[PDB]
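Asks: Handing you a structure now.
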Amino acid sequence: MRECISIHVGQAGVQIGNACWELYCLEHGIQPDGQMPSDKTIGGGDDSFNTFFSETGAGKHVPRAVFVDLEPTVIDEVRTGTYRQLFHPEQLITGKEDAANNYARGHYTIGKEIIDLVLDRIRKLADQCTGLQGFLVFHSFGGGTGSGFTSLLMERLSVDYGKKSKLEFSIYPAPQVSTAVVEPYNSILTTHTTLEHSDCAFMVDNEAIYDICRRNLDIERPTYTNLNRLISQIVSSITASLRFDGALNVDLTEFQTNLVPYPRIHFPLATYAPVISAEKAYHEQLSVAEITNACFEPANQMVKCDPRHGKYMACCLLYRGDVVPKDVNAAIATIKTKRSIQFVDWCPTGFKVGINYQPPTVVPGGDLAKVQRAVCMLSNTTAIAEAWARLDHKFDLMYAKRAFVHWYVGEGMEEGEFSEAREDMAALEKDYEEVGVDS
Amino acid sequence: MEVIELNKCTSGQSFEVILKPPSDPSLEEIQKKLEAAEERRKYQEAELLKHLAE
Amino acid sequence: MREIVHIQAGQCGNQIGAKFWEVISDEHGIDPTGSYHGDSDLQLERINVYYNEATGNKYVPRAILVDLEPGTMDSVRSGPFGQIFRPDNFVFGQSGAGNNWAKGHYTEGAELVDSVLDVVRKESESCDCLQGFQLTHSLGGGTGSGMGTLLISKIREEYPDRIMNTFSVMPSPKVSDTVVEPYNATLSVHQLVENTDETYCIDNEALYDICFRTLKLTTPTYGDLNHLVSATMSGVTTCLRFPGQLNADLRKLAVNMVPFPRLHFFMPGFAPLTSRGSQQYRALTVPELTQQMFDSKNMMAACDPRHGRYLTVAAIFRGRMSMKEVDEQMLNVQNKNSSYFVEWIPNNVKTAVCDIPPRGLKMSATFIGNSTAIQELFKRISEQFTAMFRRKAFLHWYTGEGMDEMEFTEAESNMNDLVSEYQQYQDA
Amino acid sequence: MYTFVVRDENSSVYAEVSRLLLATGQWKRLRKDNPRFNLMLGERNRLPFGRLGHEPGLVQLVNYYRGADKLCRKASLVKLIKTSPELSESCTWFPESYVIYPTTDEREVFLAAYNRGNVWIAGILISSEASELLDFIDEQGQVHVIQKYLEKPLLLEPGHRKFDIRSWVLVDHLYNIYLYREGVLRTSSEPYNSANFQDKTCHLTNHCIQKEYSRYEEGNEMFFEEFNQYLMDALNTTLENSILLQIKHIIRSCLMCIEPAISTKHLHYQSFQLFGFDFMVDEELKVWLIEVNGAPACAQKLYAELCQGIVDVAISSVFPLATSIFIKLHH
Ligand SMILES: CC[C@]1(O)C[C@@H]2CN(CCc3c([nH]c4cc(Br)ccc34)[C@@](C(=O)OC)(c3cc4c(cc3OC)N(C)[C@H]3[C@@](O)(C(=O)OC)[C@H](OC(C)=O)[C@]5(CC)C=CCN6CC[C@]43[C@@H]65)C2)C1
Ligand SMILES: Nc1nc2c(ncn2[C@@H]2O[C@H](COP(=O)(O)OP(=O)(O)OP(=O)(O)O)[C@@H](O)[C@H]2O)c(=O)[nH]1
Ligand SMILES: Nc1nc2c(ncn2[C@@H]2O[C@H](COP(=O)(O)OP(=O)(O)O)[C@@H](O)[C@H]2O)c(=O)[nH]1
Ligand SMILES: [Ca+2]
Ligand SMILES: [Mg+2]
């Protein structure tokens with residue numbers, strides 16, 4: 001057994017992280033106070049779920065989590081909130097004033113000021129691990145902390161743990177909920193600087209989640225709580241394989257091996273189904289065929305984009321609930337003839353499949369209805385580059401006039417770092433194209 | 001078409017299915033990075049105070 | 001606790017300052033004696049941004065009151081909320097400034113400035129996490145204008161890395177008849193361009209137009225004008241005083257509003273417009289809010305927004321209403337008038353909503369635009385300036401205080417540049 | 001009101017489409033890089049499809065189907081039919097063809113079917129001896145295709161001259177396949193040349209190269225009421241029974257084949273597109289497909305009507321304002 005440490009950075013990482021541990025706790029049967037009747041290894045154990053929870057002499061199961069926001073307001077809610085007993089104070093790290101939606105201010109100005117302390121509190125968790133494998137890093141692209149500090153933390157982590165793996169859950173900026181016109185700046189900045197230091201990044205476009213909440217949950221104007229419960233669902237699916245018995249995606253290296261043949265093209269598309277409103281007067285349940293097909297519908301992707309126009313390099317099917325392989329393979333047979341699923345030549349057309357019999361856990365009171373089976377697909381398609389083309393266009397429109405740039409320079413960053421980041425993204429867009437040129 | 005490496009638990013199963021076969025910066029440079037940036041913002045300010053003292 | 005130090009200087013600055021306090025003091029449930037008597041923890045949640053915590057559960061405005069003559073401060077001290085202020089925070093001279101910027105900036109004002117500054121320190125000193133400063137003042141007189149911008153220059157020397165914010169009342173010949181006001185305003189704008197982070201251009205020309213044409217007030221008073229100025233000031237600070245996601249401190253507002261350091265002059269706008277005593281009979285619908293707060297009749301700066309382009313825009317809704325509907329209307333606005341929003345700043349309209357409405361109203365909206373159309377204001381003042389300055393008229397009132405023509409030539413130059421900078425970007 | 005941007009400043013067809021829209025008083029035209037449009041009349045190449053359908057508040061529609069280049073490139077069209085079971089060797093209406101590369105191609109597989117009377121075709125080159133064809137592609141550096149030249153093509157009279165048939169098809173956002181009732185024959189001005197074929201002009205009906213060597217039709221343009229009348233009096237039949245039936249079938253099969261790759265039924269933006277289908281009619285009144293052009297231009301006589309039909313079928317269907325010219329091909 002090997003542990004994973006989760007690092008939640010910024011408002012979005014912290015609030016998302018909170019929904020994940022809320023969910024995590026339900027699934028493993030841990031109560032708001034760390035106690036877990038299921039565990040008869042009182043004081044410890046090398047069980048699958050211990051990769052995410054260490055165990056306290058008194059019986060407390062404690063997330064291997066570390067939160068960090070360059071200001072106290074949001075994490076203060078975790079200290080005071082409903083799961084206050086779950087975390088030890090040393091892993092809820094707050095500064096005083098925040099990055100002001102300014103990448104430069106979060107990387108350079110206030111980075112330095114808090115980096116060492118974060119690396120310290122982090123090394124405090126590695127020391128408590130028999131066989132640490134790496135980190136799950138949650139953050140927004142668009143805030144100053146989520147973009148700027150995260151790219152700083154990522155570089156210190158590679159220097160201080162070259163052996164270990166680093167996975168990102170990144171939140172991609174959407175006007176419907178963004179709080180800053182400069183998000184495309186911070187997004188390109190942090191992608192360029194984190195790129196070589198991340199092994200697998202799961203990009204969640206707030207826009208995609210927003211419309212799933214309106215269209216399928218009937219939420220008229222989704223808040224961050226709606227948004228975050230769904231993301232915690234999807235995040236749970238991608239991690240289920242590290243907290244439960246299984247033979248698929250059992251440690252972080254496998255995510256890269258199964259999902260990422262090319263290091264830079266390490267951004268796999270996630271697609272989840274079914275999203276059903278719990279307030280919906282009886283729903284006719286969906287089959288393994290129906291949920292699996294729904295996996296190739298753009299309206300269920302965590303990023304709107306058209307995988308028909310692009311190739312595939314890898315595909316993972318992650319089932320939760322009442323599924324057996326005869327139905328999975330039978331479903332793939334059917335859809336395989338209907339949909340446009342071209343892989344790249346240097347890769348075989350195929351699907352790795354994982355089934356957990358326990359159906360998705362619902363957060364009592366949330367918007368999601370319980371369903372007898374569910375599926376998250378993790379496919380690596382060049383079509384996700386679409387997201388980089390939109391974000392790169394917004395950047396080009398602003399930067400060509402140096403709009404707002406003085407805010408970055410004013411913090412010690414040189415204008416040219418802007419151009420070096422955008423050129424990195426230019427090259428990344430070329431990579432995706434090269435691999436996807438076929439049709 | 002071909003179902004490979006089936007693996008069964010009491011929690012689920014795992015397997016591959018193929019339909020068709022194929023065909024680091026150091027702590028040093030980082031400190032240079034931050035320190036140099038801080039000295040540019042330290043200078044910019046000093047210029048500001050100098051202009052105000054004028 | 002992201003504190004803000006408030007400074008009001010001069011007649012205008014002190015009269016709209018006391019009104020701002022009066023209004024947000026009610027909004028937050030603080031009575032004249034300074035004690036909380038409200039029915040919502042929301043009212044107290046961020047009370048630290050404008051009030052200091054005192055013993056007895058008492059809240060004192062973190063406010064400094066400044067003037068070179070003793071009236072005003074007198075009437076302020078005997079105003080409804082007069083007694084809430086810390087009494088050491090009244091700093092005042094005797095001579096006055098005689099509507100002369102040079103007297104405010106250079107002579108009479110230099111005598112009293114240090115003692116103002118000490119109080120600023122004492123307040124700053126106390127601060128957990130200082131956002132910066134907000135200054136109320138007029139640009140047409142001597143004290144607010146000349147000593148107000150002196151004060152700003154000093155404060156920036158001590159707190160070079162805090163935010164400097166001003167509500168600056170612009171002079172208009174429809175409301176006043178002192179011939180040297182264009183001098184005082186041009187000298188002030190020069191300073192404001194250099195040393196503030198955000199300036200709300202509160203234009204007496206627009207306040208007059210609204211009150212006289214729109215509200216059918218045939219004998220407008222400064223009380224009328226200040227009624228519109230205190231609703232605006234409440235509006236544009238909702239996001240700093242209540243819990244919220246958008247523009248919730250001064251730096252974050254500055255990063256969303258200011259794409260180029262010198263173009264930091266905002267046009268506020270408010271709807272519905274009301275006369276003091278208008279006893280409102282129905283609330284506006286969300287679509288009336290939106291049409292109206294972008295209407296030129298609702299701007300507090302006498303500029304035609306259709307004559308320029310919006311660089312950035314914040315929109316603040318107050319009252320109980322539908323987020324879906326607010327969102328639909330804000331999208332409608334931009335998509336039906338999309339040539340008016342520069343395309344090289346994608347998504348430059350940001351929208352916030354506050355459940356708690358202002359006093360009197362069920363529904364309100366507050367508009368903050370960074371339009372290149374603000375160049376109409378500076379052009380108006382520049383043309384008055386030039387008409388006098390090209391014959392060096394009335395200059396002896398300044399050269400006699402020590403100033404040199406050169407200083408005027410430069411102010412004139414910096415403002416004519418400001419206008420050209422606004423025109424360059426409206427042609428992009 | 002609705003808005004639209006114009007990003008292919010050369011389209012004849014969409015010139016008349018924006019003029020039509022403006023002149024309705026209900027459609028404003030924006031700065032081409034203003035993203036707050038409903039309609040993008042889009043550029044011809046590297047149209048930025050991934051930017052569409054991410055503007056909340058806006059339904060967005062564009063006048064190309066991403067991926068419809070499969071059908072409209074001479075190299076891809078061939079490979080589309082060969083490798084697509086719906087067409088494949090269900091195919092009786094597309095001449096023999098192979099993709100060829102000036103040195104995954106079929107220059108080897110080609111020689112095989114070659115040796116039989118073989119006349120093939122390729123700035124275009126047709127011959128009858130392989131060497132000079134396979135050597136012509138090896139000339140320039142663009143991917144080329146060699147298809148059987150129709151040695152025995154229906155000739156019009158009075159003139160003994162060849163012709164091709166242009167059909168305009170508009171596919172809207174629901175994937176309705178519409179066929180404009182007015183087609184055109186681009187005739188030849190001089191009589192077809194039996195033995196020997198390299199003169200061109202009389203072998204290439206392609207319009208422009210005919211505006212340069214011509215007598216019988218205004219600009220070598222015969223429309224369908226005349227060509228039907230000739231077919232009656234000359235061949236004792238009709239356009240409908242003899243040509244159009246096969247044409248209608250050929251369009252439906254081609255587009256239905258690629259519908260799963262290009263449909264936008266459940267997509268965050270919607271597409272429509274106007275296609276230009278080019279047919280050969282041969283001695284036996286058998287119809288053959290030649291090229292399909294994704295950016296067709298119209299005939300002068302017909303612009304008014306077609307471009308108004310584009311506006312009414314494919315733009316006002318999605319953006320409703322305040323006896324059809326088209327035949328819907330029913331699948
Ligand atoms: C917000 C509060 C007040 O700020 C706003 C003002 C001025 N003030 C004092 C109040 C006052 C007024 N009038 C007075 C006459 C005298 Br003896 C003493 C006091 C006043 C005003 C009034 O009437 O209501 C109270 C009042 C005053 C003026 C006005 C409208 C108006 O009110 C509808 N014009 C727009 C101005 C005027 O120049 C013009 O048309 O061209 C621009 C006027 O010339 C003509 C031909 O009208 C006039 C009138 C004497 C001529 C001399 C100097 N000009 C300066 C103001 C202006 C005035 C209210 C501050
Ligand atoms: N889905 C989702 N996105 C969020 C949430 N919170 C913040 N975001 C995203 O983050 C962006 C704003 O920056 P944040 O991630 O909040 O940064 P922060 O944690 O507030 O720290 P700062 O950089 O100092 O602002 C917004 O545009 C959102 O898209 C959340 O709770 N859920
Ligand atoms: N809107 C508004 N403007 C005012 C008010 N009082 C004064 N002014 C403006 O301020 C200018 C005079 O400035 P003044 O107070 O003499 O400056 P000071 O002498 O330095 O304090 C005039 O042109 C008025 O237009 C007020 O209560 N409301
Ligand atoms: Ca255990
Ligand atoms: Mg934050």
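Naming works like this for the structure tokens: A, B, ... for the chains as they're shown, residue 1 at the start of each chain, ligands 1 onward in shown order.
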So that I can check the surroundings of residue A:299, please list as a PyMOL selection string every protein, DNA and RNA residue that reaches within 8 Å of it, counting only C-alpha atoms and ignoring chain neighbours fewer than 6 positions away.
Replies: (chain A and resi 208+212) or (chain D and resi 266-268)
Asks: Which residues of chain C come within 12 Å of ligand 5, and what is each one's closest atom pair and distance in Å (one decimal), counting only C-alpha atoms and all ligand atoms, sorted by chain and residue number, as a Markdown table?
Replies:
| residue | atom | partner | partner_atom_place_in_ligand_line | distance |
| --- | --- | --- | --- | --- |
| C:244 | CA | ligand 5 | 1 (Mg) | 11.1 |
| C:245 | CA | ligand 5 | 1 (Mg) | 8.8 |
| C:246 | CA | ligand 5 | 1 (Mg) | 10.6 |
| C:247 | CA | ligand 5 | 1 (Mg) | 11.4 |
| C:248 | CA | ligand 5 | 1 (Mg) | 10.3 |
| C:249 | CA | ligand 5 | 1 (Mg) | 11.1 |
| C:252 | CA | ligand 5 | 1 (Mg) | 10.2 |
Asks: Extract, using only C-alpha atoms, all DNA, RNA and protein residues at most 9 Å from stretch 157-159 of chain D, discarding same-chain residues fewer than 3 positions from it, and format them as a list in words.
Replies: residues 162, 188, 189, 190, 191, 192, 216, 230 and 234 of chain D
Asks: Let me make sure I understand: among C:4, C:155, C:119, C:258, which one has the smallest atom-to-atom distance to chain B if we use only C-alpha atoms?
Replies: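 Ranked by minimum distance to chain B, first place goes to C:155.
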Asks: Would you list the residues that come within 12 Å of ligand 4? Count only C-alpha atoms and all ligand atoms and give the answer as a PyMOL selection string.
Replies: chain A and resi 1+28+30+35-57+59-62+243
Asks: Keeping only N, CA and C atoms, write the selected residues to a file as a PDB file, in the first residue's frame.
Replies:
ATOM      1  N   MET A   1       0.828  -1.211   0.000  1.00  0.00           N
ATOM      2  CA  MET A   1       0.000   0.000   0.000  1.00  0.00           C
ATOM      3  C   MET A   1       0.865   1.266   0.000  1.00  0.00           C
ATOM      4  N   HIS A  28     -16.466   5.636   2.278  1.00  0.00           N
ATOM      5  CA  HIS A  28     -15.723   4.717   3.125  1.00  0.00           C
ATOM      6  C   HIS A  28     -16.356   4.521   4.494  1.00  0.00           C
ATOM      7  N   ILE A  30     -16.793   6.863   7.015  1.00  0.00           N
ATOM      8  CA  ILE A  30     -16.113   7.629   8.049  1.00  0.00           C
ATOM      9  C   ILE A  30     -17.031   8.764   8.464  1.00  0.00           C
ATOM     10  N   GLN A  35     -14.156   8.827  12.968  1.00  0.00           N
ATOM     11  CA  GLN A  35     -14.424   7.471  13.432  1.00  0.00           C
ATOM     12  C   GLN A  35     -15.085   6.634  12.340  1.00  0.00           C
ATOM     13  N   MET A  36     -14.719   5.354  12.293  1.00  0.00           N
ATOM     14  CA  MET A  36     -15.047   4.475  11.172  1.00  0.00           C
ATOM     15  C   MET A  36     -15.323   3.081  11.719  1.00  0.00           C
ATOM     16  N   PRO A  37     -16.589   2.770  12.046  1.00  0.00           N
ATOM     17  CA  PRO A  37     -16.900   1.418  12.565  1.00  0.00           C
ATOM     18  C   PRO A  37     -16.389   0.303  11.673  1.00  0.00           C
ATOM     19  N   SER A  38     -16.350   0.531  10.359  1.00  0.00           N
ATOM     20  CA  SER A  38     -15.840  -0.460   9.416  1.00  0.00           C
ATOM     21  C   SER A  38     -14.431  -0.930   9.770  1.00  0.00           C
ATOM     22  N   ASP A  39     -13.553  -0.022  10.200  1.00  0.00           N
ATOM     23  CA  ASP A  39     -12.159  -0.401  10.422  1.00  0.00           C
ATOM     24  C   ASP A  39     -12.035  -1.118  11.758  1.00  0.00           C
ATOM     25  N   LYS A  40     -11.650  -2.396  11.714  1.00  0.00           N
ATOM     26  CA  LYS A  40     -11.286  -3.146  12.907  1.00  0.00           C
ATOM     27  C   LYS A  40      -9.779  -3.180  13.122  1.00  0.00           C
ATOM     28  N   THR A  41      -9.013  -2.536  12.238  1.00  0.00           N
ATOM     29  CA  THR A  41      -7.592  -2.251  12.449  1.00  0.00           C
ATOM     30  C   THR A  41      -7.417  -0.962  13.263  1.00  0.00           C
ATOM     31  N   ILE A  42      -7.982  -0.947  14.477  1.00  0.00           N
ATOM     32  CA  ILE A  42      -8.032   0.292  15.264  1.00  0.00           C
ATOM     33  C   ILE A  42      -6.615   0.783  15.531  1.00  0.00           C
ATOM     34  N   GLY A  43      -6.323   2.005  15.110  1.00  0.00           N
ATOM     35  CA  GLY A  43      -4.973   2.516  15.171  1.00  0.00           C
ATOM     36  C   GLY A  43      -4.181   2.423  13.878  1.00  0.00           C
ATOM     37  N   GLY A  44      -4.650   1.675  12.881  1.00  0.00           N
ATOM     38  CA  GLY A  44      -3.924   1.661  11.617  1.00  0.00           C
ATOM     39  C   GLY A  44      -4.464   0.661  10.615  1.00  0.00           C
ATOM     40  N   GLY A  45      -3.537   0.100   9.839  1.00  0.00           N
ATOM     41  CA  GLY A  45      -3.870  -0.805   8.759  1.00  0.00           C
ATOM     42  C   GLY A  45      -3.288  -0.376   7.423  1.00  0.00           C
ATOM     43  N   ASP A  46      -3.087  -1.338   6.530  1.00  0.00           N
ATOM     44  CA  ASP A  46      -2.618  -1.078   5.175  1.00  0.00           C
ATOM     45  C   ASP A  46      -3.729  -1.369   4.166  1.00  0.00           C
ATOM     46  N   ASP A  47      -4.952  -0.960   4.492  1.00  0.00           N
ATOM     47  CA  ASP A  47      -6.077  -1.163   3.602  1.00  0.00           C
ATOM     48  C   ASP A  47      -6.047  -0.170   2.437  1.00  0.00           C
ATOM     49  N   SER A  48      -6.826  -0.488   1.398  1.00  0.00           N
ATOM     50  CA  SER A  48      -6.822   0.338   0.197  1.00  0.00           C
ATOM     51  C   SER A  48      -7.211   1.783   0.511  1.00  0.00           C
ATOM     52  N   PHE A  49      -8.126   1.984   1.464  1.00  0.00           N
ATOM     53  CA  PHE A  49      -8.563   3.344   1.722  1.00  0.00           C
ATOM     54  C   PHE A  49      -7.529   4.138   2.497  1.00  0.00           C
ATOM     55  N   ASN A  50      -6.591   3.463   3.157  1.00  0.00           N
ATOM     56  CA  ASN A  50      -5.554   4.175   3.892  1.00  0.00           C
ATOM     57  C   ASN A  50      -4.607   4.930   2.974  1.00  0.00           C
ATOM     58  N   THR A  51      -4.679   4.721   1.660  1.00  0.00           N
ATOM     59  CA  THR A  51      -3.875   5.556   0.777  1.00  0.00           C
ATOM     60  C   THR A  51      -4.261   7.026   0.917  1.00  0.00           C
ATOM     61  N   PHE A  52      -5.511   7.303   1.312  1.00  0.00           N
ATOM     62  CA  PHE A  52      -6.031   8.649   1.518  1.00  0.00           C
ATOM     63  C   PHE A  52      -6.286   9.001   2.977  1.00  0.00           C
ATOM     64  N   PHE A  53      -6.305   8.036   3.894  1.00  0.00           N
ATOM     65  CA  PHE A  53      -6.506   8.330   5.310  1.00  0.00           C
ATOM     66  C   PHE A  53      -5.457   7.608   6.138  1.00  0.00           C
ATOM     67  N   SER A  54      -4.726   8.358   6.963  1.00  0.00           N
ATOM     68  CA  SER A  54      -3.950   7.753   8.032  1.00  0.00           C
ATOM     69  C   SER A  54      -4.841   7.604   9.265  1.00  0.00           C
ATOM     70  N   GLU A  55      -4.351   6.871  10.266  1.00  0.00           N
ATOM     71  CA  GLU A  55      -5.200   6.471  11.384  1.00  0.00           C
ATOM     72  C   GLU A  55      -4.574   6.874  12.707  1.00  0.00           C
ATOM     73  N   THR A  56      -5.415   7.380  13.593  1.00  0.00           N
ATOM     74  CA  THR A  56      -4.988   7.896  14.882  1.00  0.00           C
ATOM     75  C   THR A  56      -5.263   6.888  15.992  1.00  0.00           C
ATOM     76  N   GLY A  57      -4.285   6.727  16.892  1.00  0.00           N
ATOM     77  CA  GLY A  57      -4.423   5.867  18.058  1.00  0.00           C
ATOM     78  C   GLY A  57      -5.824   5.815  18.647  1.00  0.00           C
ATOM     79  N   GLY A  59      -8.514   6.151  17.078  1.00  0.00           N
ATOM     80  CA  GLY A  59      -9.447   5.693  16.072  1.00  0.00           C
ATOM     81  C   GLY A  59      -9.841   6.719  15.033  1.00  0.00           C
ATOM     82  N   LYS A  60      -9.181   7.868  14.996  1.00  0.00           N
ATOM     83  CA  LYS A  60      -9.539   8.902  14.038  1.00  0.00           C
ATOM     84  C   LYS A  60      -8.865   8.614  12.699  1.00  0.00           C
ATOM     85  N   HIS A  61      -9.661   8.660  11.633  1.00  0.00           N
ATOM     86  CA  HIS A  61      -9.167   8.555  10.269  1.00  0.00           C
ATOM     87  C   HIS A  61      -9.092   9.958   9.691  1.00  0.00           C
ATOM     88  N   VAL A  62      -7.894  10.361   9.293  1.00  0.00           N
ATOM     89  CA  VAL A  62      -7.573  11.752   9.007  1.00  0.00           C
ATOM     90  C   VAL A  62      -7.160  11.879   7.545  1.00  0.00           C
ATOM     91  N   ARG A 243      -8.608   3.911  -3.649  1.00  0.00           N
ATOM     92  CA  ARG A 243      -9.182   3.799  -2.316  1.00  0.00           C
ATOM     93  C   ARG A 243      -9.964   2.506  -2.138  1.00  0.00           C
TER      94      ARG A 243
END
Asks: Compute the set of protein, DNA and RNA residues whose minimum atom distance to ligand 2 is at most 8 Å, using only C-alpha atoms and all ligand atoms, and state it as a ChimeraX atom specification.
Replies: /A:9-16,69-71,74,97-103,106,139-148,171-175,177-180,183,206,209,223-225,227-228,231
Asks: Take the residues just selected and output them with C-alpha atoms as a PDB file, in the first residue's frame.
Replies:
ATOM      1  CA  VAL A   9      -4.817  25.468  -3.480  1.00  0.00           C
ATOM      2  CA  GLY A  10      -7.022  28.580  -3.723  1.00  0.00           C
ATOM      3  CA  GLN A  11     -10.715  29.124  -3.120  1.00  0.00           C
ATOM      4  CA  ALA A  12     -11.690  26.661  -5.868  1.00  0.00           C
ATOM      5  CA  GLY A  13      -9.262  23.941  -4.802  1.00  0.00           C
ATOM      6  CA  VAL A  14     -10.295  24.290  -1.171  1.00  0.00           C
ATOM      7  CA  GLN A  15     -14.046  24.299  -1.814  1.00  0.00           C
ATOM      8  CA  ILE A  16     -13.756  21.445  -4.308  1.00  0.00           C
ATOM      9  CA  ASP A  69      -5.179  29.695   0.463  1.00  0.00           C
ATOM     10  CA  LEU A  70      -3.308  33.015   0.377  1.00  0.00           C
ATOM     11  CA  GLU A  71      -6.102  34.390   2.568  1.00  0.00           C
ATOM     12  CA  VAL A  74     -12.502  30.256   2.758  1.00  0.00           C
ATOM     13  CA  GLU A  97      -4.095  38.916   1.936  1.00  0.00           C
ATOM     14  CA  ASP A  98      -4.597  37.186  -1.409  1.00  0.00           C
ATOM     15  CA  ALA A  99      -3.205  37.267  -4.925  1.00  0.00           C
ATOM     16  CA  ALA A 100      -5.847  39.717  -6.211  1.00  0.00           C
ATOM     17  CA  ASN A 101      -6.603  37.506  -9.252  1.00  0.00           C
ATOM     18  CA  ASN A 102      -3.024  38.277 -10.237  1.00  0.00           C
ATOM     19  CA  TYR A 103      -0.866  35.322 -11.317  1.00  0.00           C
ATOM     20  CA  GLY A 106       0.634  34.714  -6.281  1.00  0.00           C
ATOM     21  CA  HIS A 139      -6.778  24.316  -8.096  1.00  0.00           C
ATOM     22  CA  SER A 140      -8.350  26.911 -10.376  1.00  0.00           C
ATOM     23  CA  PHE A 141      -6.615  28.273 -13.476  1.00  0.00           C
ATOM     24  CA  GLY A 142      -8.073  31.784 -13.062  1.00  0.00           C
ATOM     25  CA  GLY A 143      -7.397  33.058  -9.544  1.00  0.00           C
ATOM     26  CA  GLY A 144      -4.048  34.438  -8.427  1.00  0.00           C
ATOM     27  CA  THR A 145      -3.395  31.721  -5.834  1.00  0.00           C
ATOM     28  CA  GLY A 146      -4.767  28.820  -7.868  1.00  0.00           C
ATOM     29  CA  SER A 147      -2.674  29.806 -10.848  1.00  0.00           C
ATOM     30  CA  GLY A 148       0.429  31.476  -9.409  1.00  0.00           C
ATOM     31  CA  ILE A 171     -10.757  24.237 -13.096  1.00  0.00           C
ATOM     32  CA  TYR A 172     -10.842  26.015 -16.491  1.00  0.00           C
ATOM     33  CA  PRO A 173     -12.274  29.570 -16.480  1.00  0.00           C
ATOM     34  CA  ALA A 174     -15.866  30.241 -17.589  1.00  0.00           C
ATOM     35  CA  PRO A 175     -17.523  33.700 -17.837  1.00  0.00           C
ATOM     36  CA  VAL A 177     -18.916  32.213 -12.823  1.00  0.00           C
ATOM     37  CA  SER A 178     -15.502  33.903 -13.279  1.00  0.00           C
ATOM     38  CA  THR A 179     -14.613  36.924 -11.073  1.00  0.00           C
ATOM     39  CA  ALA A 180     -11.810  38.484 -13.148  1.00  0.00           C
ATOM     40  CA  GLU A 183      -8.237  34.718 -16.066  1.00  0.00           C
ATOM     41  CA  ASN A 206     -16.745  25.415 -15.331  1.00  0.00           C
ATOM     42  CA  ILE A 209     -20.375  21.711 -15.389  1.00  0.00           C
ATOM     43  CA  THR A 223     -23.868  28.003  -7.502  1.00  0.00           C
ATOM     44  CA  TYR A 224     -20.452  26.695  -6.547  1.00  0.00           C
ATOM     45  CA  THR A 225     -22.170  24.145  -4.284  1.00  0.00           C
ATOM     46  CA  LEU A 227     -20.858  22.832  -9.329  1.00  0.00           C
ATOM     47  CA  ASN A 228     -18.682  21.231  -6.644  1.00  0.00           C
ATOM     48  CA  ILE A 231     -17.123  17.694  -9.701  1.00  0.00           C
TER      49      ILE A 231
END
Asks: Fewer than 4 positions away in the same chain doesn't count, so skip those; otherwise give me all residues within 6 Å of stretch 191-199 of chain C, counting only C-alpha atoms, as a list in words.
Replies: residues 164, 165, 166, 167, 262, 264 and 265 of chain C
Asks: Can I get the selection written as a short mmCIF file (atom, residue, chain, number, x, y, z; two decimals), in the first residue's frame, with C-alpha atoms?
Replies:
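The resulting again.cif:
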data_model
loop_
_atom_site.label_atom_id
_atom_site.label_comp_id
_atom_site.auth_asym_id
_atom_site.auth_seq_id
_atom_site.Cartn_x
_atom_site.Cartn_y
_atom_site.Cartn_z
CA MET C 164 -5.73 54.91 -3.27
CA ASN C 165 -9.41 55.53 -4.08
CA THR C 166 -11.20 58.85 -4.57
CA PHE C 167 -14.75 60.05 -5.08
CA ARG C 262 -3.76 56.05 -16.20
CA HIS C 264 -8.78 54.71 -13.90
CA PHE C 265 -11.61 57.28 -14.06
#
Asks: Please give me, as a list in words, the residues lying within 10 Å of ligand 1 when counting only C-alpha atoms and all ligand atoms.
Replies: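 Sorted by chain and then by number, the residues are residues 172, 173, 174, 175, 176, 177, 178, 204, 205, 207, 208, 209, 211, 212, 213, 216, 217, 218, 219, 220, 221, 222, 223, 224, 225 and 226 of chain C.
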Asks: As JSON, numbers by chain, please: every residue in stretch 58-102 of chain D that DSSP puts in alpha helix (DSSP H).
Replies: {"D": [69, 70, 71, 72, 74, 75, 76, 77, 78, 79, 80, 81, 82]}
